[PDB]
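Engineer: What follows is a structure written as structure tokens; I'll ask about it next.
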Amino acid sequence: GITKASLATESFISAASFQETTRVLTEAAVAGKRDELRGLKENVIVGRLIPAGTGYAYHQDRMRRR
Amino acid sequence: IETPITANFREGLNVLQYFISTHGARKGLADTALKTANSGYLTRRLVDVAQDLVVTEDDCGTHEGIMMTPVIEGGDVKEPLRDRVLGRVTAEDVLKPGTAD
Amino acid sequence: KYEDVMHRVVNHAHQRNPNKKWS
Amino acid sequence: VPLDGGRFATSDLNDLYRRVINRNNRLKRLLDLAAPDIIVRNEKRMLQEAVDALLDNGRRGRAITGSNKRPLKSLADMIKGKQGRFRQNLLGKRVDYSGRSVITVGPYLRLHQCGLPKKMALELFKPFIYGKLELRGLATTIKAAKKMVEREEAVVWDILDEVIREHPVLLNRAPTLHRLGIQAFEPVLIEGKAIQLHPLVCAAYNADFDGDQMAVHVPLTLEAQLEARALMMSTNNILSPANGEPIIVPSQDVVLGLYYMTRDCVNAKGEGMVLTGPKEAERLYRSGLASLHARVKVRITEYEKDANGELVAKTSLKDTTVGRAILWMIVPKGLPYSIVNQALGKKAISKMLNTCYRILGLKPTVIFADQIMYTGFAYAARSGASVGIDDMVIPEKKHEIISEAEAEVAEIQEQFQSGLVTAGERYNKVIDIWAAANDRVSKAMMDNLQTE
Amino acid sequence: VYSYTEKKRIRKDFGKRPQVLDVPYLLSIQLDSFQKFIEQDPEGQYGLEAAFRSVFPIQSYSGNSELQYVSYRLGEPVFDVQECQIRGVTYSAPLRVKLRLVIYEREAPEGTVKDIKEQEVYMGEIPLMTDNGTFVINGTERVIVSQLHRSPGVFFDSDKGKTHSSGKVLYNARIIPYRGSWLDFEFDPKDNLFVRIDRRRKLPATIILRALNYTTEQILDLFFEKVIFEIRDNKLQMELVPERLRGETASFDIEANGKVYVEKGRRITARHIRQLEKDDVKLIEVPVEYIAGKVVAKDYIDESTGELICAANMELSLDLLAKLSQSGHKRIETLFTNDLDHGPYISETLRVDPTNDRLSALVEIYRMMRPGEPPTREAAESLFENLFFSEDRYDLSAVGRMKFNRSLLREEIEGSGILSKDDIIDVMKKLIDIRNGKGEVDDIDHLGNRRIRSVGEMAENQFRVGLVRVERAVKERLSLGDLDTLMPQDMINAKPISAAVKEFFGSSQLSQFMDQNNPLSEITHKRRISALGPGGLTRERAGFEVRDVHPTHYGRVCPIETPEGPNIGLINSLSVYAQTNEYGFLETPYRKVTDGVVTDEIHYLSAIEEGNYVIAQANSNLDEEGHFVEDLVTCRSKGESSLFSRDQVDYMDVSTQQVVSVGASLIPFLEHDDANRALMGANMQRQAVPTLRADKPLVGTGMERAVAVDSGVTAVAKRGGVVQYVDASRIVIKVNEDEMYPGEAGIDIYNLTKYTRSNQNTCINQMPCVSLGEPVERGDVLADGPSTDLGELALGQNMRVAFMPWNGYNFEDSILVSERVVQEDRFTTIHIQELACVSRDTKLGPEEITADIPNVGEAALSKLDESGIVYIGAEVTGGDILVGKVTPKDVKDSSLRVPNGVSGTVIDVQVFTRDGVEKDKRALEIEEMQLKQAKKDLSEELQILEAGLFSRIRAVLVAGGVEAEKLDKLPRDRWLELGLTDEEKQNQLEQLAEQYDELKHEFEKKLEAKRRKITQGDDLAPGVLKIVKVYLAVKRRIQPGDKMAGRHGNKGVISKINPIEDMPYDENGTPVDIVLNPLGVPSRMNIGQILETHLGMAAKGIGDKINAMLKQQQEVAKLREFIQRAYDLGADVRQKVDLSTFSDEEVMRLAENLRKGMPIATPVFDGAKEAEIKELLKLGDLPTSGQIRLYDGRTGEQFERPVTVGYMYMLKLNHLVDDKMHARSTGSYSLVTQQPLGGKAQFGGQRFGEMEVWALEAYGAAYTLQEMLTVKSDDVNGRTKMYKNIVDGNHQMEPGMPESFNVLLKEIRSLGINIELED
RNA sequence: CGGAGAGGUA
DNA sequence: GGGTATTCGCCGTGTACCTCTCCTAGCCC
DNA sequence: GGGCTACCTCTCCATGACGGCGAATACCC
Ligand SMILES: [Mg+2]
């Protein structure tokens, strides 16, 4: 379900802005999980360009080089 | 209620009929408040489950796709095929009822 | 000579029901 | 923080760390001096319970403060919930260069613009006006220009008209549901204190002008001015994202003006006279020799573009009314005439804008929508379509139907006193005969309104 | 008949029903409740006497010392009301308590005390109630709203449905005390009776009976009956009353007397019971397996050996029946258990019970209530005795005894406070009976179970809490206190009592800051019935039950007036006629109906007493001495409308206004409105602002007089007479001779309230509405308050309205207003803002209020005097400096400045000074002027009252020893020393002389006392030196953006202010003032505004006809004919006014007050029909349909389809547009997050919140979102670089990282969670 | 320039 | 002991805004 | 009343939400 298919994510910050922050940061804390900042909400948090709209060409030019 | 409101607003409503209509309107407002709350909770969950889905490629090149038909429950045809398949790229060739056309 | 400020701290939530959470 | 009165306030973290440092120092002093075991057991239990009162206080409401035994806030409560950091201060921030007021209509606007008051326009645009005042050379420093807009001199308003002209703003009604909830306009300055919003666009906001308060934002940087103009301009959203139908549907007065304009009565002035074009249909109605709705043969010229993009002109004498001709002056070239020959309520004008967008692209649908709004408000004004108390006609057959239903519930009342029918059969019988009498009264009033 | 002041403007009153009971005084809940709180009550029922007799005598822990109670008393308050609102203190009289300390000797429990001592001690300062019904707490004016919480007593609730998804409905019982510990009986789907205390974990509900000193045999003696088996010949027989066999399937052949009664397989019929009872059958034979399913009742010990054969609550078996068949237990008792009639619940619960005796049960309860510590016998006994059976920690009130006796079908309604054994056991019996199918549950939405607390009861409870804290203080100190070295003011303390009662009145969920902008707003805020607050529900957790209206709110709580939004139906408004009962429930007036005759006596009914009788409807057509003219009448019996017989009813409704509240009985034509727009109409009528010119409603109800009189805003004449003097300041009334006291005779002097600030920054004002030399009657208005005119309530103004869609300027719900309305200054509301400027003692130096200000020139100092405060009446604008003030740093400007965007005139300057700072020159000037005004006020009091007293002496010596020449040779003082007899006349002269000498003494001591009040220093906040307060007074007119609304939920924002020509106009030439939109009528189903529009057109039609009959100045006969025709007009009404009794100025001045329009009433549900409006329009020269052909103002031609015009009464709300408008270029930023501040007052920015971020993600917008949350907020470097770039002209951005994210890394990193950043 | 509560707006 | 129920504990419950009030106890002076 | 010094952990405050979901025992052979 949608309240579970957003917590069980390979990106713990998008699951941290949603329900049960404590459970997500504990499960992400015991595993040493590494969020690649791939998606919209994780990049709205950290303040860079969204990789959807106009900024999608910026993530083309960034994903290409590195 | 087995005794309906037999009078309209152009005529006068008496005390009891207006009282019952007041119960109806308060059920309306109390439905709109709590309904608005659960609605906003629904939009929050939906935009946080989709949340990262970005149209990334021009084509994946697949020969799959669901089969659209007009919906019928037993009454009239509720939604025709034109409204459902308006603007959505075909999976395979649409055959005319003449064979291999 | 201490007048420690932690003895001047405003209880800024002095109207809350004690059973409410997160604050 | 310093409050006023020789008294300070702060967060609850300082109080919780005060408590933890107290338990840790009392544990260092009690284990440094070799206490018996039960005292240091109570000690370590209070320290474990103190840290468990600091990292998350929600699970045990133990940490309490004076005069009101409430749980104190903690670090997990600083992150969690509606008022932590993720939902309160990271996903949505308080944002500068903004403003907010009460909305009002003003239908003289094109739909790519909106009003904006001069006082808010000068307050929102203090940095740009600073830069122009020291660019043209009317001041030396930033504080001289700050005195100039703090004084509101005479030269700053032409500066302000020279920084508005092509710069979008973002209007926003406060419960933003869908992506039309934020749109972008161009300002037109208003002697007033209220944002003048374009009327048709109002239906996208689900707004009504009884005191809604819309907020403006300013796109500062250059790429945001282009994101506002190219993606978010109010002309570049004339279809909903939820469905392919138009969202610039003409809402309430304008469809009454059009519906009054394209109809017919069987006998008014100019009945059965021929008219050489729509132009003298306007010239007949403005004088008063004809009526706005009386049937008339005209010669219209429609341009059906069934070639390879080149428009084919055809002309004829359609049997129509005068109001349909006056409306036909406004419909652009590519549409057929048969879209205006009907009554044109709300559904038919919605598919009118739908076919206009799906045939002639975008710009005739924008300018066709603006012209529909102008003629709809103008001929709605010429209508005078009031409401009076004698306009709602009671059925003359109403009290007869209600008296028959009273006799029928008298019948089922007797059959319940006669012991032949049950309670629930009386229930379904009474609701059925009242529903049937309800529909008889409804068809009586509906006929006696519509065709009387 | 009418008084000389009632004849000023008599409202034409439609209305068919003759009324019987007048409207009661609309503020009776507040005044009766707090009057009930603070008043000397004998026999200790209610008030302070119930608290003092409850907690006292305090007696120590066997210390032979005791503090007993005598009486109490309250002194004068130190301040009067107006000076207390200005200064800021509580309006509170101190509470003096006469305690008495007694101390025994050694070994004298019963003996005489050795020493008594007695004084009048101080405790607390309980705030009084101002005569309007409000409080004053800290300078403001506050209202405590009555709470509607659950009645104490018992409740057998259902909690059906959504438990355990099996359909097996549970049942629960709750014994709710008024004060003490809760008690919840309930079941579980394993059919076991469970208890819990104070919502803790669960206990098996027979363990409390094991705590109440009951054996197992006594428990099963209580909850069950007996089935007797006997040891006999063989196959041990069974006594049998055949009522036990009802509804059973007999698993054996029931036979006796050699006769087969019931064969096996067939149920026991009613005929089988008739055979066994008609044959009188008692004893039959059973199979031995039939008893093997039974449970034995009592114990049966072995007489021979001394052992136990069968224990109580143990099922029987054939071998064990051989174990007791061998010893000789003759009477074998089993408990009759049947799944349909008599349930075996107590037996199952005794099987759940781990405990056996009293002690282990008390160990279980003591361990449950206070967990963790080892239990002890004495702590368990003190705990269980002090949860339910002690006077201290547990008490039902007499109300709780009433519902608790009433809901057990007891007899007496007055009993003890504490519980008993029979209380709990009858609760458990009643709960098992409700489980067994007989009886029914109770509902909590019923107003027979909701009780109204009010100010007196809740203040009594918080004062009670003050007394229990002070009894722990005294029981501490008196246990250690020994001898006569202490007196009973050293023990007792003021801080817990005054801290508790200031904590209640100071701020709670029931001390609302009073919405004081309107007399309707006060008088509907005080009649408010809140369901929130301590002891009741909460906002975000109520459901669809308590928020939804119930069929027993009729006449008690208004159904249509409630706030919308989060609290709907939790902030219920009490009705018009409703009262609070003796116990606290709601009750409502009904008329007693004898068997044929509707008796005109009134007789109140509570909520459950309505549920027994059948009650008629208000608009039942009646006759002469009283017979219902229909042979069947629409009535309600038990919450159900019906059409019952002609003579079956018992009660007729008093009046047809009794269902709505006073917020809703002011909407005319309410019966034509949907309840949505009626609700929003009541709320927006509550929020009107007062205009500058009070203007009567054309279409009223008649409740306007009762609201404008019964609120405290008008100056009601206390004694009728002749007006001696009329001034804007004061009105001086000379009294008639009948209502006049012999001693303290004098006259009356009313000091009106001039321009002072309200609570909502409107301008409360009183203006005289009588002239000099005019008769007045007791109970009439003399000063119209805010929004009042001649004693009516007039909230907004009434204007000429058209209904046509005019060029799109009224698109959704807008309003379009001509330049006529703004030119005539008729929505121009007056606001008053209060600007403080304090003088703080900080670090680095004190603050001066000097004018020596740097960085400013003569534009700042032009509007100040030499002291630095602005003049009275110097018209400031935005940006000017009112109070100069600098803070030493050379020194920094911190002067008070007018907030941006407002104009206005400084009407008043307050100056407060800490005792210890010398005053500047202007403060001595103001103190000088206040001294001169106090001396002039009191001196004019003694001169005018001197003229009344000495003029009364001159009025005495007209007869009875008249000396006309000798009267005014010597002056007015020694007029007693003239020759006169020894009768009541010279005694009366001595009365007046002793009165005047008392006026000398009281004048002098109030003069020096008033100099003591003005002259002395004042208490302030700690750390402030002097406070200068400046009253601006803006005059805000009208502009595009203000909100206006009529009285039917027709909202609207004024959109364009057109010229006078651009309006439509009819062929007579008058332009219409406001053009609405007709499309608000069919969707928002409020057709009532159209009938108000037509009837308003009729009212001004009569107004213009009188105006043509009076500007031409016809003689009074024509006006008498026309006015009499206008007041007769149609069907039979109550009014029936006759103009044969007006003396030709009472016609002419009435017609002076009708020439603007004739005021027409319409009661709520008994109003004008259509036909009366049509005939009244026929009396005018107006068209019948209410529609006029109008000419367009721009184009100058006739509109097709003639439009509706008329006069609608329209209101201006205080949601004006120059409070809503705000903008921010770059201001100040918050401390912990580097985000902009929130709000307008804090000069902050809008919130581009979460859904707006989803809106910009939903576009292709990225850079707009990037600067929308990295540059324009949350980053100091990006916004400084941005500001430099914008003043340069380059448009770019250095994004960086937001600061609050870098705070989030510290609040996760400051847990035990490493959070990082790679590369 | 700190946070709670109460009322109100859409 | 293995699978199945049952109680028990946590998580959540619409956005934006506008006014106002309110912020410390004890005690020996 | 109020100005100076400070809690360096004590008892009944409480009591009207509901759904859902998952984990931690309860129990039945
Ligand atoms: Mg709205």
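Quick note on naming: the chains in the structure tokens go A, B, ... in the order shown, residues restart at 1 in each chain, and ligands are numbered from 1 in order of appearance.
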Can I get the residues close to ligand 1 as a list in words, where close means within 10 Å and we count only C-alpha atoms (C1' of nucleotides) and all ligand atoms?

Structural biologist: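 Result of the 10 Å neighbour search around ligand 1: residues 173, 205, 206, 207, 208, 209, 210, 211, 212 and 213 of chain D; 812, 813 and 1051 of chain E; 9 and 10 of chain F.
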
Engineer: Can you spit out the residues from that selection as a PDB file, in the first residue's frame, using N, CA and C atoms (P, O5', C5', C4', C3', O3' and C1' of nucleotides)?

Structural biologist:
ATOM      1  N   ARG D 173      -3.618  30.926  -4.365  1.00  0.00           N
ATOM      2  CA  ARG D 173      -4.641  30.824  -3.340  1.00  0.00           C
ATOM      3  C   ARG D 173      -4.178  29.773  -2.345  1.00  0.00           C
ATOM      4  N   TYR D 205      -9.061  28.309  -9.414  1.00  0.00           N
ATOM      5  CA  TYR D 205      -8.543  28.383  -8.051  1.00  0.00           C
ATOM      6  C   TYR D 205      -9.536  27.770  -7.072  1.00  0.00           C
ATOM      7  N   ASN D 206     -10.710  27.443  -7.612  1.00  0.00           N
ATOM      8  CA  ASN D 206     -11.940  27.164  -6.878  1.00  0.00           C
ATOM      9  C   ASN D 206     -12.201  28.315  -5.913  1.00  0.00           C
ATOM     10  N   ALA D 207     -11.988  29.538  -6.385  1.00  0.00           N
ATOM     11  CA  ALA D 207     -12.038  30.735  -5.564  1.00  0.00           C
ATOM     12  C   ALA D 207     -13.388  31.396  -5.748  1.00  0.00           C
ATOM     13  N   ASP D 208     -13.787  32.181  -4.770  1.00  0.00           N
ATOM     14  CA  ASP D 208     -14.913  33.080  -4.893  1.00  0.00           C
ATOM     15  C   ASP D 208     -14.559  34.373  -4.190  1.00  0.00           C
ATOM     16  N   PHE D 209     -15.159  35.461  -4.641  1.00  0.00           N
ATOM     17  CA  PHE D 209     -14.681  36.776  -4.254  1.00  0.00           C
ATOM     18  C   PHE D 209     -15.328  37.271  -2.989  1.00  0.00           C
ATOM     19  N   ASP D 210     -15.637  36.376  -2.061  1.00  0.00           N
ATOM     20  CA  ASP D 210     -16.163  36.763  -0.766  1.00  0.00           C
ATOM     21  C   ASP D 210     -15.094  36.831   0.303  1.00  0.00           C
ATOM     22  N   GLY D 211     -13.886  37.239  -0.049  1.00  0.00           N
ATOM     23  CA  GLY D 211     -12.883  37.458   0.961  1.00  0.00           C
ATOM     24  C   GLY D 211     -11.772  36.442   0.945  1.00  0.00           C
ATOM     25  N   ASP D 212     -11.561  35.788  -0.189  1.00  0.00           N
ATOM     26  CA  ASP D 212     -10.373  34.975  -0.325  1.00  0.00           C
ATOM     27  C   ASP D 212      -9.158  35.876  -0.414  1.00  0.00           C
ATOM     28  N   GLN D 213      -8.033  35.369   0.061  1.00  0.00           N
ATOM     29  CA  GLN D 213      -6.826  36.166   0.213  1.00  0.00           C
ATOM     30  C   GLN D 213      -5.730  35.461  -0.558  1.00  0.00           C
TER      31      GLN D 213
ATOM     32  N   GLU E 812     -18.405  36.495  -9.059  1.00  0.00           N
ATOM     33  CA  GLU E 812     -18.785  35.349  -8.228  1.00  0.00           C
ATOM     34  C   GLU E 812     -19.774  35.775  -7.156  1.00  0.00           C
ATOM     35  N   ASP E 813     -19.309  36.582  -6.215  1.00  0.00           N
ATOM     36  CA  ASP E 813     -20.144  37.043  -5.117  1.00  0.00           C
ATOM     37  C   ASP E 813     -19.873  38.497  -4.788  1.00  0.00           C
ATOM     38  N   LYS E1051     -22.508  37.013   1.346  1.00  0.00           N
ATOM     39  CA  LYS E1051     -21.249  37.694   1.547  1.00  0.00           C
ATOM     40  C   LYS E1051     -20.953  38.592   0.362  1.00  0.00           C
TER      41      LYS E1051
ATOM     42  P     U F   9     -15.605  33.049  11.039  1.00  0.00           P
ATOM     43  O5'   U F   9     -14.569  33.421   9.891  1.00  0.00           O
ATOM     44  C5'   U F   9     -14.552  34.726   9.339  1.00  0.00           C
ATOM     45  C4'   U F   9     -13.411  34.933   8.375  1.00  0.00           C
ATOM     46  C3'   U F   9     -13.361  33.998   7.193  1.00  0.00           C
ATOM     47  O3'   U F   9     -14.271  34.379   6.192  1.00  0.00           O
ATOM     48  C1'   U F   9     -11.194  34.265   8.083  1.00  0.00           C
ATOM     49  P     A F  10     -15.399  33.360   5.712  1.00  0.00           P
ATOM     50  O5'   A F  10     -14.723  32.648   4.472  1.00  0.00           O
ATOM     51  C5'   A F  10     -13.942  33.409   3.576  1.00  0.00           C
ATOM     52  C4'   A F  10     -12.987  32.548   2.802  1.00  0.00           C
ATOM     53  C3'   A F  10     -13.472  31.162   2.448  1.00  0.00           C
ATOM     54  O3'   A F  10     -14.379  31.165   1.364  1.00  0.00           O
ATOM     55  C1'   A F  10     -11.223  31.070   3.167  1.00  0.00           C
TER      56        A F  10
END

Engineer: For chain B versus chain G, which residues have an atom no more than 9 Å away, and what is each residue's nearest atom pair and distance in Å rounded to one decimal, using only C-alpha atoms (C1' of nucleotides), chain-then-number order, as CSV?

Structural biologist:
residue,atom,partner,partner_atom,distance
B:33,CA,G:14,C1',8.9
B:34,CA,G:14,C1',8.9
B:36,CA,G:14,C1',5.9
B:37,CA,G:14,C1',4.4
B:38,CA,G:14,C1',7.3
B:39,CA,G:14,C1',7.1
B:40,CA,G:14,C1',4.6
B:41,CA,G:14,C1',6.9

Engineer: Given a cut-off of 12 Å, which residues of chain D touch chain C, counting only C-alpha atoms, written out as an NGL selection string?

Structural biologist: :D and (1-19 or 56-84)

Engineer: Could you pull the residues within 8 Å of region 658-669 of chain E, counting only C-alpha atoms (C1' of nucleotides), minus those fewer than 6 positions along the same chain, as number ranges by chain?

Structural biologist: B: 15; E: 520, 524, 554-561, 573-578, 678, 681-683, 685-686, 699-704, 707, 1047-1048, 1088-1089, 1091-1092, 1161-1165, 1167

Engineer: Output the selection as a CSV table (one decimal), in the first residue's frame - N, CA and C atoms for each residue.

Structural biologist:
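And here is the file that came out, part_25.csv:
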chain,number,residue,atom,x,y,z
B,15,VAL,N,-42.0,25.4,12.3
B,15,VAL,CA,-40.9,25.3,13.2
B,15,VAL,C,-40.2,24.0,13.1
E,520,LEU,N,-24.8,43.2,19.8
E,520,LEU,CA,-25.2,41.8,19.5
E,520,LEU,C,-24.1,40.9,19.8
E,524,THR,N,-24.5,37.9,22.4
E,524,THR,CA,-24.4,36.5,22.0
E,524,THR,C,-23.1,35.8,22.4
E,554,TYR,N,-34.4,21.1,21.2
E,554,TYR,CA,-35.5,22.0,20.8
E,554,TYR,C,-35.8,23.0,21.9
E,555,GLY,N,-35.6,24.3,21.6
E,555,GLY,CA,-35.9,25.3,22.6
E,555,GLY,C,-34.8,25.6,23.6
E,556,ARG,N,-33.8,24.8,23.6
E,556,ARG,CA,-32.7,24.9,24.6
E,556,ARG,C,-31.4,25.4,24.0
E,557,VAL,N,-30.9,24.7,23.1
E,557,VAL,CA,-29.7,25.1,22.3
E,557,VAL,C,-30.2,25.5,20.9
E,558,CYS,N,-29.8,26.6,20.4
E,558,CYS,CA,-30.1,27.0,19.1
E,558,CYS,C,-29.6,26.1,18.0
E,559,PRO,N,-30.3,25.6,17.1
E,559,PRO,CA,-29.8,24.6,16.1
E,559,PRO,C,-29.0,25.3,15.0
E,560,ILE,N,-29.3,26.5,14.7
E,560,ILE,CA,-28.8,27.1,13.4
E,560,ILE,C,-27.6,28.0,13.7
E,561,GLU,N,-27.3,28.4,14.9
E,561,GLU,CA,-26.2,29.3,15.2
E,561,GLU,C,-25.1,28.5,15.8
E,573,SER,N,-24.9,27.7,21.0
E,573,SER,CA,-25.5,28.9,21.5
E,573,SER,C,-26.8,28.6,22.2
E,574,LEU,N,-27.0,29.1,23.4
E,574,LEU,CA,-28.2,28.9,24.1
E,574,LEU,C,-29.4,29.7,23.5
E,575,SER,N,-30.6,29.2,23.7
E,575,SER,CA,-31.7,29.7,23.0
E,575,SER,C,-32.1,31.1,23.5
E,576,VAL,N,-33.3,31.6,23.1
E,576,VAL,CA,-33.8,32.9,23.6
E,576,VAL,C,-34.4,32.7,25.0
E,577,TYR,N,-35.4,31.8,25.1
E,577,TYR,CA,-36.2,31.7,26.3
E,577,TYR,C,-35.6,30.8,27.3
E,578,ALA,N,-34.5,30.1,27.0
E,578,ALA,CA,-34.1,29.0,27.8
E,578,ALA,C,-33.4,29.4,29.1
E,678,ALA,N,-28.5,30.6,6.8
E,678,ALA,CA,-28.9,31.1,8.0
E,678,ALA,C,-27.8,31.1,9.0
E,681,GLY,N,-25.3,33.7,8.0
E,681,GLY,CA,-25.9,34.9,8.3
E,681,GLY,C,-25.8,35.3,9.8
E,682,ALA,N,-26.0,34.3,10.6
E,682,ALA,CA,-25.9,34.6,12.1
E,682,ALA,C,-24.5,35.0,12.5
E,683,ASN,N,-23.5,34.3,11.9
E,683,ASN,CA,-22.1,34.6,12.2
E,683,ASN,C,-21.7,36.0,11.7
E,685,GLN,N,-23.6,38.4,11.0
E,685,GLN,CA,-24.3,39.4,11.7
E,685,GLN,C,-23.6,39.7,13.1
E,686,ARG,N,-23.1,38.6,13.7
E,686,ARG,CA,-22.3,38.8,14.9
E,686,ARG,C,-21.1,39.7,14.7
E,699,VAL,N,-36.3,46.4,7.9
E,699,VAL,CA,-37.0,45.1,8.1
E,699,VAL,C,-36.3,44.4,9.3
E,700,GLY,N,-36.9,44.6,10.4
E,700,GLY,CA,-36.4,44.0,11.7
E,700,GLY,C,-37.2,42.8,12.1
E,701,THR,N,-37.0,42.5,13.4
E,701,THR,CA,-37.8,41.4,14.0
E,701,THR,C,-38.6,41.9,15.2
E,702,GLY,N,-38.1,42.8,16.0
E,702,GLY,CA,-38.7,43.1,17.3
E,702,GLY,C,-37.9,42.6,18.4
E,703,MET,N,-36.9,41.7,18.1
E,703,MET,CA,-35.9,41.4,19.1
E,703,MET,C,-34.8,42.4,19.2
E,704,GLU,N,-34.8,43.5,18.3
E,704,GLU,CA,-33.8,44.5,18.4
E,704,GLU,C,-33.9,45.3,19.7
E,707,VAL,N,-32.4,43.3,22.6
E,707,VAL,CA,-31.0,43.2,22.6
E,707,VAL,C,-30.3,44.6,22.9
E,1047,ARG,N,-27.9,40.1,5.9
E,1047,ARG,CA,-28.2,39.2,7.0
E,1047,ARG,C,-28.7,37.9,6.6
E,1048,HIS,N,-28.3,37.3,5.4
E,1048,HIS,CA,-28.7,36.0,5.0
E,1048,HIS,C,-27.6,35.2,4.4
E,1088,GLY,N,-34.9,34.4,1.3
E,1088,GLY,CA,-35.3,35.4,2.2
E,1088,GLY,C,-34.8,36.8,2.0
E,1089,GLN,N,-33.7,36.9,1.3
E,1089,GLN,CA,-33.2,38.3,1.0
E,1089,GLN,C,-34.0,39.0,-0.1
E,1091,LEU,N,-37.4,38.6,-0.4
E,1091,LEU,CA,-38.6,39.1,0.3
E,1091,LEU,C,-38.2,40.3,1.3
E,1092,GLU,N,-37.0,40.3,1.8
E,1092,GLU,CA,-36.5,41.4,2.5
E,1092,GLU,C,-36.3,42.6,1.6
E,1161,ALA,N,-41.6,45.3,11.4
E,1161,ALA,CA,-41.1,44.1,12.0
E,1161,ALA,C,-41.4,42.9,11.2
E,1162,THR,N,-40.8,41.8,11.5
E,1162,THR,CA,-41.2,40.5,11.0
E,1162,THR,C,-40.6,39.5,12.1
E,1163,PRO,N,-41.4,38.9,12.9
E,1163,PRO,CA,-40.9,37.8,13.8
E,1163,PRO,C,-40.5,36.6,13.0
E,1164,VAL,N,-39.9,35.7,13.7
E,1164,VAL,CA,-39.0,34.7,13.0
E,1164,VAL,C,-39.8,33.7,12.1
E,1165,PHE,N,-40.7,33.0,12.7
E,1165,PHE,CA,-41.5,32.0,12.0
E,1165,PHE,C,-43.0,32.4,11.8
E,1167,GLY,N,-44.2,35.4,10.5
E,1167,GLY,CA,-43.9,36.7,9.8
E,1167,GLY,C,-44.9,37.1,8.8

Engineer: Using only C-alpha atoms, what does the table of chain D residues within 7 Å of chain A look like, with each row giving the shortest atom pair and its distance in Å to one decimal, sorted by chain and ascending number, as JSON lines?

Structural biologist:
{"residue": "D:80", "atom": "CA", "partner": "A:21", "partner_atom": "CA", "distance": 5.9}
{"residue": "D:86", "atom": "CA", "partner": "A:17", "partner_atom": "CA", "distance": 5.5}
{"residue": "D:87", "atom": "CA", "partner": "A:17", "partner_atom": "CA", "distance": 6.8}
{"residue": "D:90", "atom": "CA", "partner": "A:45", "partner_atom": "CA", "distance": 5.8}
{"residue": "D:91", "atom": "CA", "partner": "A:45", "partner_atom": "CA", "distance": 6.1}

Engineer: Using CA of residue 626 (chain E) and CA of residue 595 (chain E) as the two end points, give the distance in Å to one decimal.

Structural biologist: 10.5 Å

Engineer: Restrict the distance test to only C-alpha atoms (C1' of nucleotides), flag each residue of chain H within 12 Å of chain D, and return the flagged residues as a list in words.

Structural biologist: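 Interface list for chain H against chain D: residues 7, 8, 9, 10, 11, 12, 13 and 14 of chain H.
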